[PDB]
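Visitor: First the structure, then my questions, so here it is.
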Amino acid sequence: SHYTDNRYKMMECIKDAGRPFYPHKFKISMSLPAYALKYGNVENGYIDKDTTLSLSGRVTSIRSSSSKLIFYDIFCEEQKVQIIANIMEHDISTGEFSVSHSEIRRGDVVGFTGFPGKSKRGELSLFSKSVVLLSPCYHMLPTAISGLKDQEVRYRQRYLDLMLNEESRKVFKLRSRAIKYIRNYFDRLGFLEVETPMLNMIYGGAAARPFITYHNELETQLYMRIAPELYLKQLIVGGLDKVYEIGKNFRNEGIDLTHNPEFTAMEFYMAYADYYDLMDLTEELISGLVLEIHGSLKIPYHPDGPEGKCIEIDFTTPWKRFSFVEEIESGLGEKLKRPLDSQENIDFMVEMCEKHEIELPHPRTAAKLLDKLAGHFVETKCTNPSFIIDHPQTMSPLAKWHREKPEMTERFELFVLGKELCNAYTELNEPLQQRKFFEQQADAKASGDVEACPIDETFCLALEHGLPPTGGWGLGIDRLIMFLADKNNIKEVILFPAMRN
Amino acid sequence: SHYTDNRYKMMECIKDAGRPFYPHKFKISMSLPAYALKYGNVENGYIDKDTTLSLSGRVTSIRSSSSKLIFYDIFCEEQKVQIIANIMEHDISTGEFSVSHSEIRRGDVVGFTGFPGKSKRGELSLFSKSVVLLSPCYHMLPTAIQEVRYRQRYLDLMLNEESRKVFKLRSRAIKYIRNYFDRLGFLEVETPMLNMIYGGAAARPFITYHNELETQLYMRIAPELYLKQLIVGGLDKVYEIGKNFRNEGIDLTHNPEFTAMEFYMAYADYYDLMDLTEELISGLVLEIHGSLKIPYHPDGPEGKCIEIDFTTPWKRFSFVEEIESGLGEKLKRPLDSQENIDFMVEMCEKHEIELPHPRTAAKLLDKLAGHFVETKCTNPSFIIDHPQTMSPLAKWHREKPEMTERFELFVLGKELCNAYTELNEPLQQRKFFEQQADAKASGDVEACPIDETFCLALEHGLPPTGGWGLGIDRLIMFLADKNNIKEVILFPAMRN
Ligand SMILES: O=C(NCC1(O)CCC(F)(F)CC1)c1cc(=O)c2cc(F)ccc2o1
Ligand SMILES: O=C(NCC1(O)CCC(F)(F)CC1)c1cc(=O)c2cc(F)ccc2o1
Ligand SMILES: N[C@@H](CCCC[NH3+])C(=O)O
Ligand SMILES: N[C@@H](CCCC[NH3+])C(=O)O
């Protein structure tokens, strides 16, 4: 790339020649979309010589047809406009025609002034009098993502993706639309949006390993939040009744097609709801959003590339329920031992994992073993949206005991195409039990479970002030957008995803 | 505490007796606000014995008037409702009347079922048949209620309507702000809070580590360098509202995480951004207050009240000229010369201004502005045209040598906004980044390392662009009339 070097030299040339060098302000008359709305339907060959307008965008094409005529395409805000620059119309106060145009390259951000209309062949055009180089491009660009060095370039240099690929631009617009729809749903129910800390003295609220940091003046270690749950529940103690939060969680684990170290989640807590109420809301909210985007409840998905097969995901309600333990037992052809957290059941579940070639967790806690078994036997049955329900207490330290089922909790997870989208429960509000499950979590952490959380006394003290019967819920926004926008890699739906070295 | 131990014992006794112990679901008939709207203007003494309703809230008052009659107030969703519990209405299949009510204490979350109406004295009431303890309070509550309010925010919310108001106002303000930019065609985005290289402001970062990637990371101090990459990418009008993390001081206007809004607008300059700032903020003030002139208590609610006037046009102060007016003498040129650095140290010594460390031209300029210029900004006031040497991402001023197209907005001497015509020329940008890396190497912990990924993005052509940041928490402080940032953040950082 002599190209980059030579462009730096061209620019120092222009600068030293007293020619326009990175002008501070270019005043457009209207956006390119506005220009196409206003003039896109004029007759072929129409020109309005009584109207002078200024436009700007990035140059996608330059073709000099003759010594007297240059055609540009400029692109901005999803619209292309042709610029026809005829030597006879050039404003010599800006420089000589050939000098002015010799400064421009494909990729440059440029301004033009001229008369509006359409060429004889029917192309929406600006018949220019002047051209201004606003911000040059110092690299030779490809014309499509196909011409990049790797397809990793799309994620390491997202601005290239965005310049070249309409599909990538549509994803981020759909993401905003979906989030707006969600905020509207809850705002109409009378919820209050809140923000709770992302720096925590004690991390909690999920099965996740945290990022650790330190505040120098406070002389204290802090964790990045894994989830907002413990703070949100304190707002229900506080009487706020209906709260939600949409923001980042930080989880220090692996990166793959469905995991980024920071990701966006929504949580809500609703006083007087139970998990049955929450299943119903989940179904209403998500089917409404699918409808809003797709116009029916049966939507396409390409689980391999858009070069692979298309399947259909059916969101018609109500959705299938699978009971966690029973579905495991059906996959095994035999019962788990009771109690589920006894050493007898631990041993059995290790034996089952070996028998079914399921990779063992570390450490081999009852909860982690159950999770591996569910992963293999239950989550794999979840093609259409399906609730896995009634998780064991031993894996659910903040979920309230099941009103009917010994050793289980009033919990669900939503899975779509084998991927977890939501997690929700009737909230545990009984402090003695809450403390005991926190102690069991602390014991698991001490034994090497990097996903187990420490005891949070601040939270136990809050429960002692009385948490009303409450239902809470979380949704992974990024994974939702993967299904709505038909993407199979979370890197498609996050602007600047985490990338290896 | 005996009260807490005893309450645990009571709850075990209840459990062992087979009486209601943390019921899973209580189905209300309607909310307390709906109940008050439906029945609140009935005739005194009215009762409808044909309608049975279930209501719930937190008990704020218990008055056992007689052996036969107990009065409660419950509170839920900002509405109080009286419950009148008469032994002659009690459903004995829930327990004997004295047993059922003996389980209840001030602070408990409870449900009642009964008949709707109004007492003779004209109190909106439920005439109850039953009571269900849903979630007991194990602590004796104060009747009304700073350290506890921030460490146990649920107590503040439970007892103090003024705290609930602040958080509702916060949400309303941020909705207003979203609406403003959405109507202009902006796209809301999210950029990384975990950064290989921190940048986009002058701040000490938080440091962390990603174990699988085996890499140290920084928490973002600002989203700016990623957001500008989106303008290179063609997204034209982007905003982000989210947390920044700065490993610095904690005081009345600083919390280690805070909410900032940034936006980037292709084709704008800083003049456009001042006009937008005026329009946005004066319009929000008017929406909330009904006037452009609003109260503020700078020393808290025990002190004096002043008036902040948001009427436009807002005052502009030029950075260097206002320092020079304060000094009664000119700074030396160039502003980043050792001569000027040494002169600014003399001026700090003379005017009793605490010296920065290290004694860089930028830090000394900042100290002088803080003393002479920020202190003149009562009403919203733009400090404009900051020197380049303190503004490494701001584009050179089109007229004024050594300066940039930058502003800060100050209100009551506190920074609310920072904005500029963006530097889009990569040779100068690299030079200024080198100067920052040199500053860091000499001891400036607020200087950022060079980010080659950003320099490469600038080489692809950043359109002329204007960018801007607003401190949301400090805005709420003004709009809500609080002089401590801990009042506008639900769970502010507290000393250990
Ligand atoms: O969306 C995700 N999961 C679904 C939830 O568990 C998310 C939280 C909840 F919203 F509260 C309930 C549903 C998800 C996305 C990630 O990129 C990710 C990265 C990790 F390092 C660890 C877990 C991750 O999980
Ligand atoms: O609102 C604040 N400052 C105003 C701004 O600089 C904020 C960023 C901007 F919005 F982009 C432009 C305006 C503010 C609030 C804090 O709690 C805080 C804490 C610290 F540790 C360090 C700086 C802090 O700054
Ligand atoms: N904190 C949960 C989501 C809410 C669960 C119900 N309280 C998670 O991160 O999975
Ligand atoms: N990143 C700046 C605000 C935006 C300035 C204009 N690009 C700050 O943290 O102060």
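Labeling convention for the structure tokens: chains A, B, ... as they appear, residues from 1 per chain, ligands from 1 in order of appearance.
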Applying 12 Å and only C-alpha atoms, which residues near residue 248 of chain B remain after dropping the ones on its own chain fewer than 4 positions away? List them as a PyMOL selection string.

Guide: (chain A and resi 214-219) or (chain B and resi 202-206+221+244+253-258+445-446)

Visitor: Need to verify the contact set: residue 9 of chain A, 12 Å, only C-alpha atoms, exclusion of same-chain residues closer than 5 positions in sequence. Can you return it as a VMD selection string?

Guide: (chain A and resid 2 to 4 14 to 16 103 138) or (chain B and resid 427)

Visitor: Please identify all residues of chain A having at least one atom at most 7 Å from any atom of chain B, considering only C-alpha atoms, and return them as an MDAnalysis selection string.

Guide: chainID A and resid 24:26 76:77 108:109 134:139 159:160 162:163 176 193 196:197 211:218 234:235 237:239 241 252:254 272 274 403 464:469 495:496 500

Visitor: Using DSSP on the backbone, list every residue of segment 98-346 of chain B that comes out as helix (DSSP H, G or I), and give them as a short mmCIF file (atom, residue, chain, number, x, y, z; two decimals) with N, CA and C atoms, in the first residue's frame.

Guide:
data_model
loop_
_atom_site.label_atom_id
_atom_site.label_comp_id
_atom_site.auth_asym_id
_atom_site.auth_seq_id
_atom_site.Cartn_x
_atom_site.Cartn_y
_atom_site.Cartn_z
N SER B 98 -58.49 -13.56 67.28
CA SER B 98 -57.32 -13.11 67.98
C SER B 98 -56.04 -13.79 67.48
N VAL B 99 -56.10 -15.07 67.11
CA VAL B 99 -54.92 -15.78 66.58
C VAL B 99 -54.48 -15.14 65.27
N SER B 100 -55.44 -14.99 64.38
CA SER B 100 -55.18 -14.45 63.01
C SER B 100 -54.53 -13.08 63.12
N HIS B 101 -55.08 -12.20 63.94
CA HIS B 101 -54.50 -10.85 64.01
C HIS B 101 -53.24 -10.71 64.86
N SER B 102 -53.03 -11.61 65.78
CA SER B 102 -51.81 -11.68 66.56
C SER B 102 -50.57 -11.94 65.75
N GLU B 147 -27.29 8.27 55.79
CA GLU B 147 -26.45 7.08 55.56
C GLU B 147 -27.30 5.83 55.36
N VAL B 148 -28.31 5.64 56.21
CA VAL B 148 -29.21 4.50 56.05
C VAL B 148 -29.98 4.59 54.72
N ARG B 149 -30.36 5.80 54.31
CA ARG B 149 -31.23 5.97 53.17
C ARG B 149 -30.48 5.47 51.95
N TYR B 150 -29.15 5.55 51.95
CA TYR B 150 -28.35 5.14 50.79
C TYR B 150 -27.85 3.70 50.89
N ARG B 151 -27.57 3.25 52.10
CA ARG B 151 -27.14 1.85 52.34
C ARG B 151 -28.31 0.87 52.37
N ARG B 153 -31.56 1.36 50.65
CA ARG B 153 -32.46 2.20 49.86
C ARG B 153 -33.91 1.75 49.94
N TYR B 154 -34.16 0.48 50.18
CA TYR B 154 -35.52 0.03 50.31
C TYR B 154 -36.27 0.70 51.47
N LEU B 155 -35.56 1.04 52.55
CA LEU B 155 -36.15 1.80 53.68
C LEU B 155 -36.54 3.20 53.27
N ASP B 156 -35.66 3.86 52.52
CA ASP B 156 -35.95 5.17 52.01
C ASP B 156 -37.15 5.13 51.14
N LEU B 157 -37.22 4.20 50.16
CA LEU B 157 -38.35 4.10 49.30
C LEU B 157 -39.66 3.78 50.00
N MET B 158 -39.58 2.90 50.98
CA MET B 158 -40.73 2.47 51.76
C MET B 158 -41.35 3.66 52.53
N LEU B 159 -40.51 4.54 53.05
CA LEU B 159 -40.95 5.56 54.02
C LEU B 159 -40.96 6.98 53.48
N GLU B 161 -41.73 9.47 50.31
CA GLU B 161 -42.34 9.73 49.01
C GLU B 161 -41.40 10.61 48.13
N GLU B 162 -40.64 11.50 48.75
CA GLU B 162 -39.71 12.36 48.01
C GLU B 162 -38.61 11.59 47.27
N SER B 163 -38.11 10.50 47.87
CA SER B 163 -37.18 9.60 47.17
C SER B 163 -37.86 8.89 46.03
N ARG B 164 -39.08 8.42 46.22
CA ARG B 164 -39.78 7.77 45.10
C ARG B 164 -39.95 8.77 43.90
N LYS B 165 -40.27 10.04 44.22
CA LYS B 165 -40.43 11.07 43.21
C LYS B 165 -39.19 11.30 42.33
N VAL B 166 -38.04 11.23 42.93
CA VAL B 166 -36.79 11.50 42.22
C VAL B 166 -36.59 10.45 41.13
N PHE B 167 -36.81 9.20 41.50
CA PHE B 167 -36.62 8.13 40.54
C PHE B 167 -37.62 8.03 39.43
N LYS B 168 -38.84 8.44 39.70
CA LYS B 168 -39.85 8.62 38.64
C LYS B 168 -39.49 9.77 37.68
N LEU B 169 -39.02 10.86 38.25
CA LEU B 169 -38.59 12.06 37.47
C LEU B 169 -37.41 11.67 36.60
N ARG B 170 -36.52 10.89 37.16
CA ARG B 170 -35.36 10.43 36.38
C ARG B 170 -35.79 9.69 35.15
N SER B 171 -36.73 8.74 35.31
CA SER B 171 -37.20 7.96 34.19
C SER B 171 -37.89 8.86 33.15
N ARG B 172 -38.69 9.81 33.61
CA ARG B 172 -39.41 10.72 32.73
C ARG B 172 -38.44 11.55 31.93
N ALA B 173 -37.38 12.00 32.60
CA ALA B 173 -36.40 12.84 31.91
C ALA B 173 -35.68 12.05 30.82
N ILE B 174 -35.22 10.83 31.14
CA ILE B 174 -34.54 10.07 30.16
C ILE B 174 -35.50 9.70 28.99
N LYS B 175 -36.77 9.44 29.25
CA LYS B 175 -37.75 9.19 28.18
C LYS B 175 -37.87 10.40 27.25
N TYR B 176 -37.91 11.58 27.85
CA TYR B 176 -37.99 12.84 27.11
C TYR B 176 -36.79 12.96 26.16
N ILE B 177 -35.61 12.65 26.72
CA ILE B 177 -34.37 12.73 25.96
C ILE B 177 -34.34 11.71 24.83
N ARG B 178 -34.72 10.46 25.08
CA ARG B 178 -34.84 9.54 24.00
C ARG B 178 -35.75 10.00 22.95
N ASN B 179 -36.92 10.50 23.36
CA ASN B 179 -37.92 10.93 22.38
C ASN B 179 -37.38 12.05 21.45
N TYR B 180 -36.67 12.98 22.04
CA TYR B 180 -36.08 14.08 21.30
C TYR B 180 -35.22 13.56 20.15
N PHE B 181 -34.26 12.66 20.48
CA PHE B 181 -33.37 12.17 19.46
C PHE B 181 -34.04 11.18 18.53
N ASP B 182 -34.98 10.40 19.03
CA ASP B 182 -35.70 9.46 18.13
C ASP B 182 -36.46 10.23 17.07
N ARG B 183 -37.07 11.31 17.45
CA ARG B 183 -37.84 12.14 16.49
C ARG B 183 -36.92 12.73 15.44
N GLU B 224 -16.79 7.20 23.23
CA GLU B 224 -16.57 8.10 22.07
C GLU B 224 -15.88 7.40 20.88
N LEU B 225 -14.80 6.66 21.18
CA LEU B 225 -13.99 6.20 20.02
C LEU B 225 -14.74 5.12 19.26
N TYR B 226 -15.55 4.34 19.93
CA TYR B 226 -16.41 3.37 19.20
C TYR B 226 -17.54 4.04 18.47
N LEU B 227 -18.17 5.01 19.09
CA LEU B 227 -19.28 5.74 18.44
C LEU B 227 -18.85 6.46 17.18
N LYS B 228 -17.64 7.06 17.16
CA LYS B 228 -17.14 7.68 15.94
C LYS B 228 -16.93 6.69 14.86
N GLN B 229 -16.53 5.45 15.20
CA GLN B 229 -16.40 4.41 14.19
C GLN B 229 -17.73 4.12 13.48
N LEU B 230 -18.84 4.30 14.18
CA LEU B 230 -20.17 4.11 13.57
C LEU B 230 -20.54 5.19 12.57
N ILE B 231 -20.02 6.40 12.77
CA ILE B 231 -20.16 7.49 11.81
C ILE B 231 -19.27 7.21 10.56
N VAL B 232 -18.02 6.79 10.77
CA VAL B 232 -17.27 6.24 9.60
C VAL B 232 -18.08 5.20 8.83
N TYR B 270 -19.83 22.38 16.19
CA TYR B 270 -20.11 22.70 17.59
C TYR B 270 -21.14 23.86 17.74
N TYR B 271 -21.22 24.75 16.79
CA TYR B 271 -22.29 25.75 16.80
C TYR B 271 -23.70 25.11 16.73
N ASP B 272 -23.86 24.13 15.85
CA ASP B 272 -25.11 23.35 15.78
C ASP B 272 -25.39 22.67 17.13
N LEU B 273 -24.33 22.13 17.73
CA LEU B 273 -24.51 21.41 18.98
C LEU B 273 -24.88 22.32 20.13
N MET B 274 -24.36 23.58 20.19
CA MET B 274 -24.83 24.51 21.24
C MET B 274 -26.31 24.76 21.07
N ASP B 275 -26.75 25.02 19.84
CA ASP B 275 -28.18 25.29 19.62
C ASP B 275 -29.06 24.13 20.02
N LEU B 276 -28.58 22.93 19.75
CA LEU B 276 -29.32 21.68 20.09
C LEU B 276 -29.38 21.51 21.61
N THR B 277 -28.26 21.76 22.28
CA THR B 277 -28.17 21.71 23.73
C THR B 277 -29.16 22.62 24.40
N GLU B 278 -29.21 23.86 23.93
CA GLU B 278 -30.19 24.85 24.44
C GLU B 278 -31.65 24.36 24.26
N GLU B 279 -31.96 23.84 23.10
CA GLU B 279 -33.28 23.43 22.76
C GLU B 279 -33.71 22.24 23.60
N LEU B 280 -32.83 21.26 23.72
CA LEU B 280 -33.11 20.06 24.42
C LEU B 280 -33.35 20.35 25.87
N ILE B 281 -32.38 21.00 26.49
CA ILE B 281 -32.36 21.12 27.94
C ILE B 281 -33.40 22.16 28.34
N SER B 282 -33.49 23.31 27.66
CA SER B 282 -34.54 24.26 28.07
C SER B 282 -35.93 23.60 27.89
N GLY B 283 -36.17 22.78 26.84
CA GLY B 283 -37.41 22.19 26.63
C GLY B 283 -37.72 21.18 27.74
N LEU B 284 -36.75 20.41 28.20
CA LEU B 284 -36.94 19.47 29.29
C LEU B 284 -37.23 20.18 30.60
N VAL B 285 -36.52 21.27 30.86
CA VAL B 285 -36.80 22.06 32.05
C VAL B 285 -38.23 22.54 32.03
N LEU B 286 -38.68 23.08 30.91
CA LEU B 286 -40.05 23.60 30.78
C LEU B 286 -41.08 22.49 30.96
N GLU B 287 -40.83 21.30 30.41
CA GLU B 287 -41.73 20.17 30.50
C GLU B 287 -41.89 19.81 31.98
N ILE B 288 -40.81 19.79 32.74
CA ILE B 288 -40.89 19.30 34.10
C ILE B 288 -41.42 20.39 35.03
N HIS B 289 -40.93 21.62 34.88
CA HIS B 289 -41.19 22.70 35.82
C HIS B 289 -42.25 23.72 35.45
N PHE B 319 -12.69 30.33 26.73
CA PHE B 319 -11.80 29.78 27.69
C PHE B 319 -10.58 30.64 28.07
N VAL B 320 -9.71 30.89 27.09
CA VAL B 320 -8.51 31.66 27.42
C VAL B 320 -8.80 33.11 27.78
N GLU B 321 -9.67 33.80 27.05
CA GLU B 321 -9.97 35.19 27.31
C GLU B 321 -10.51 35.35 28.74
N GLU B 322 -11.33 34.42 29.19
CA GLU B 322 -11.86 34.56 30.55
C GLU B 322 -10.87 34.26 31.63
N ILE B 323 -9.95 33.33 31.40
CA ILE B 323 -8.82 33.20 32.28
C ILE B 323 -7.96 34.49 32.36
N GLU B 324 -7.68 35.07 31.22
CA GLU B 324 -6.88 36.31 31.14
C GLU B 324 -7.58 37.49 31.82
N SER B 325 -8.89 37.62 31.67
CA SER B 325 -9.66 38.62 32.43
C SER B 325 -9.50 38.35 33.93
N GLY B 326 -9.47 37.11 34.35
CA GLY B 326 -9.36 36.83 35.80
C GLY B 326 -7.97 37.15 36.33
N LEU B 327 -6.97 36.85 35.52
CA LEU B 327 -5.58 37.07 35.90
C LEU B 327 -5.18 38.54 35.83
N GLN B 338 7.02 25.44 27.38
CA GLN B 338 7.53 25.39 28.74
C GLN B 338 7.42 26.78 29.36
N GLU B 339 7.57 27.84 28.53
CA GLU B 339 7.41 29.20 29.09
C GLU B 339 6.00 29.40 29.68
N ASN B 340 4.96 29.00 28.91
CA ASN B 340 3.63 29.11 29.42
C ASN B 340 3.31 28.20 30.62
N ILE B 341 3.87 26.98 30.58
CA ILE B 341 3.72 26.07 31.69
C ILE B 341 4.28 26.69 32.97
N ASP B 342 5.52 27.19 32.85
CA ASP B 342 6.11 27.84 33.99
C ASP B 342 5.33 29.10 34.47
N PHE B 343 4.79 29.88 33.56
CA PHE B 343 4.00 31.06 33.89
C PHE B 343 2.67 30.63 34.59
N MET B 344 2.01 29.58 34.09
CA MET B 344 0.79 29.11 34.71
C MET B 344 1.05 28.57 36.12
N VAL B 345 2.21 27.94 36.32
CA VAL B 345 2.58 27.57 37.71
C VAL B 345 2.75 28.79 38.57
N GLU B 346 3.47 29.82 38.09
CA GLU B 346 3.47 31.09 38.84
C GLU B 346 2.13 31.66 39.13
#

Visitor: Show me, as a tab-separated table, the residues of chain B having an atom within 7 Å of ligand 4, each with the closest atom pair and its distance in Å, using only C-alpha atoms and all ligand atoms.

Guide:
residue	atom	partner	partner_atom_place_in_ligand_line	distance
B:200	CA	ligand 4	1 (N)	4.7
B:201	CA	ligand 4	9 (O)	4.5
B:221	CA	ligand 4	9 (O)	6.9
B:222	CA	ligand 4	9 (O)	4.9
B:223	CA	ligand 4	1 (N)	6.4
B:224	CA	ligand 4	1 (N)	4.9
B:262	CA	ligand 4	4 (C)	6.1
B:418	CA	ligand 4	5 (C)	5.0
B:419	CA	ligand 4	6 (C)	3.9
B:420	CA	ligand 4	6 (C)	4.9
B:422	CA	ligand 4	7 (N)	6.1
B:467	CA	ligand 4	7 (N)	4.2
B:468	CA	ligand 4	6 (C)	4.3
B:469	CA	ligand 4	3 (C)	4.1

Visitor: Would you mind listing, for every residue of chain A within 7 Å of ligand 1, the two atoms forming the shortest contact and the distance between them in Å to one decimal, using only C-alpha atoms and all ligand atoms, sorted by chain and ascending residue number, as a Markdown table?

Guide:
| residue | atom | partner | partner_atom_place_in_ligand_line | distance |
| --- | --- | --- | --- | --- |
| A:208 | CA | ligand 1 | 22 (C) | 6.7 |
| A:227 | CA | ligand 1 | 11 (F) | 6.7 |
| A:250 | CA | ligand 1 | 21 (F) | 6.9 |
| A:251 | CA | ligand 1 | 21 (F) | 4.3 |
| A:252 | CA | ligand 1 | 21 (F) | 5.7 |
| A:253 | CA | ligand 1 | 21 (F) | 4.9 |
| A:254 | CA | ligand 1 | 21 (F) | 5.9 |
| A:255 | CA | ligand 1 | 21 (F) | 6.6 |
| A:258 | CA | ligand 1 | 17 (O) | 5.6 |
| A:259 | CA | ligand 1 | 17 (O) | 3.3 |
| A:260 | CA | ligand 1 | 17 (O) | 3.9 |
| A:261 | CA | ligand 1 | 21 (F) | 4.6 |
| A:262 | CA | ligand 1 | 17 (O) | 6.3 |
| A:263 | CA | ligand 1 | 17 (O) | 4.9 |
| A:265 | CA | ligand 1 | 10 (F) | 4.7 |
| A:266 | CA | ligand 1 | 10 (F) | 5.7 |
| A:267 | CA | ligand 1 | 11 (F) | 6.1 |
| A:420 | CA | ligand 1 | 4 (C) | 5.0 |
| A:421 | CA | ligand 1 | 4 (C) | 4.5 |
| A:422 | CA | ligand 1 | 13 (C) | 3.9 |
| A:423 | CA | ligand 1 | 12 (C) | 4.4 |
| A:473 | CA | ligand 1 | 11 (F) | 6.7 |
| A:474 | CA | ligand 1 | 11 (F) | 3.5 |
| A:475 | CA | ligand 1 | 10 (F) | 3.4 |
| A:476 | CA | ligand 1 | 1 (O) | 3.4 |
| A:477 | CA | ligand 1 | 1 (O) | 6.3 |
| A:478 | CA | ligand 1 | 1 (O) | 6.0 |
| A:479 | CA | ligand 1 | 1 (O) | 5.2 |

Visitor: So that I have them on file, write out the residues from the current selection with C-alpha atoms, as an mmCIF file, in the first residue's frame.

Guide:
data_model
loop_
_atom_site.group_PDB
_atom_site.id
_atom_site.type_symbol
_atom_site.label_atom_id
_atom_site.label_comp_id
_atom_site.auth_asym_id
_atom_site.auth_seq_id
_atom_site.Cartn_x
_atom_site.Cartn_y
_atom_site.Cartn_z
ATOM 1 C CA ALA A 208 -21.719 -16.986 36.367
ATOM 2 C CA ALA A 227 -26.995 -9.824 36.873
ATOM 3 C CA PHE A 250 -20.575 -9.110 32.378
ATOM 4 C CA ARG A 251 -19.663 -12.754 32.526
ATOM 5 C CA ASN A 252 -16.094 -13.988 32.535
ATOM 6 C CA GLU A 253 -16.390 -17.309 30.690
ATOM 7 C CA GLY A 254 -16.112 -18.510 27.062
ATOM 8 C CA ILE A 255 -16.839 -16.729 23.767
ATOM 9 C CA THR A 258 -24.043 -17.582 21.543
ATOM 10 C CA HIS A 259 -21.734 -16.008 24.181
ATOM 11 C CA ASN A 260 -20.045 -12.586 24.349
ATOM 12 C CA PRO A 261 -18.381 -11.425 27.593
ATOM 13 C CA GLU A 262 -20.710 -8.479 27.830
ATOM 14 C CA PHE A 263 -24.289 -8.854 26.663
ATOM 15 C CA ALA A 265 -30.296 -8.338 29.319
ATOM 16 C CA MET A 266 -33.651 -7.177 30.463
ATOM 17 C CA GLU A 267 -34.886 -8.036 33.956
ATOM 18 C CA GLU A 420 -31.612 -20.295 26.543
ATOM 19 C CA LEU A 421 -33.524 -17.032 26.060
ATOM 20 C CA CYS A 422 -35.181 -16.388 29.438
ATOM 21 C CA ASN A 423 -34.919 -17.422 33.073
ATOM 22 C CA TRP A 473 -37.712 -12.572 34.908
ATOM 23 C CA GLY A 474 -34.747 -12.072 32.566
ATOM 24 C CA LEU A 475 -34.397 -12.035 28.845
ATOM 25 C CA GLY A 476 -31.191 -12.156 26.738
ATOM 26 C CA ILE A 477 -31.774 -9.405 24.225
ATOM 27 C CA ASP A 478 -28.868 -10.386 21.970
ATOM 28 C CA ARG A 479 -30.099 -13.954 21.614
#

Visitor: Give one line per residue of chain A that approaches ligand 3 to at most 8 Å, naming the two atoms of the closest pair and their distance in Å to one decimal, counting only C-alpha atoms and all ligand atoms; sort by chain then ascending residue number and deliver it as a tab-separated table.

Guide:
residue	atom	partner	partner_atom_place_in_ligand_line	distance
A:205	CA	ligand 3	1 (N)	4.6
A:206	CA	ligand 3	9 (O)	4.5
A:207	CA	ligand 3	10 (O)	7.4
A:226	CA	ligand 3	9 (O)	6.9
A:227	CA	ligand 3	9 (O)	4.9
A:228	CA	ligand 3	1 (N)	6.4
A:229	CA	ligand 3	1 (N)	4.8
A:267	CA	ligand 3	4 (C)	6.1
A:268	CA	ligand 3	4 (C)	7.7
A:269	CA	ligand 3	7 (N)	7.4
A:398	CA	ligand 3	7 (N)	7.1
A:399	CA	ligand 3	7 (N)	7.1
A:411	CA	ligand 3	6 (C)	7.9
A:422	CA	ligand 3	10 (O)	7.2
A:423	CA	ligand 3	5 (C)	5.0
A:424	CA	ligand 3	6 (C)	3.9
A:425	CA	ligand 3	6 (C)	4.9
A:426	CA	ligand 3	7 (N)	7.5
A:427	CA	ligand 3	7 (N)	6.1
A:471	CA	ligand 3	7 (N)	7.1
A:472	CA	ligand 3	7 (N)	4.3
A:473	CA	ligand 3	6 (C)	4.3
A:474	CA	ligand 3	3 (C)	4.1
A:475	CA	ligand 3	3 (C)	7.2

Visitor: When you draw a straight line from atom 13 (C, counted along the ligand's line) of ligand 2 to atom CA of residue 408 of chain B, how long is it in Å?

Guide: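 Atom 13 (C, counted along the ligand's line) of ligand 2 sits 7.7 Å away from atom CA of residue 408 of chain B.
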
Visitor: Out of A:124, A:408, A:74, A:367, which residue has the shortest atom-to-atom distance to residue 449 of chain A when counting only C-alpha atoms?

Guide: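 Once distances to residue 449 of chain A are computed over only C-alpha atoms, the minimum belongs to A:367.
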
Visitor: If I take atom CA of residue 236 of chain A and atom CA of residue 439 of chain A, how far is one from the other in Å, to one decimal?

Guide: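 That distance, rounded to one decimal, is 23.6 Å.
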
Visitor: What is the distance between atom CA of residue 392 of chain B and atom CA of residue 433 of chain B, in Å to one decimal?

Guide: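 One can read the atom CA of residue 392 of chain B to atom CA of residue 433 of chain B distance as 6.9 Å.
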
Visitor: So, counting only C-alpha atoms, which residue among A:233, A:72, A:78, A:59 is closest to residue 31 of chain A?

Guide: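 Of all the options, A:78 lies closest to residue 31 of chain A.
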
Visitor: Skipping near chain neighbours, those fewer than 5 positions away, what residues fall within 12 Å of residue 378 of chain B using only C-alpha atoms, listed as a list in words?

Guide: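 Residues meeting the cut-off are residues 296, 298, 306, 307, 308, 309, 310, 314, 315, 373, 409, 410, 411, 412, 413, 414, 415 and 478 of chain B.
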
Visitor: Give me the residues within 7 Å of residue 384 of chain B as a PyMOL selection string, counting only C-alpha atoms and dropping any in the same chain fewer than 5 places off.

Guide: chain B and resi 316-319+406-408
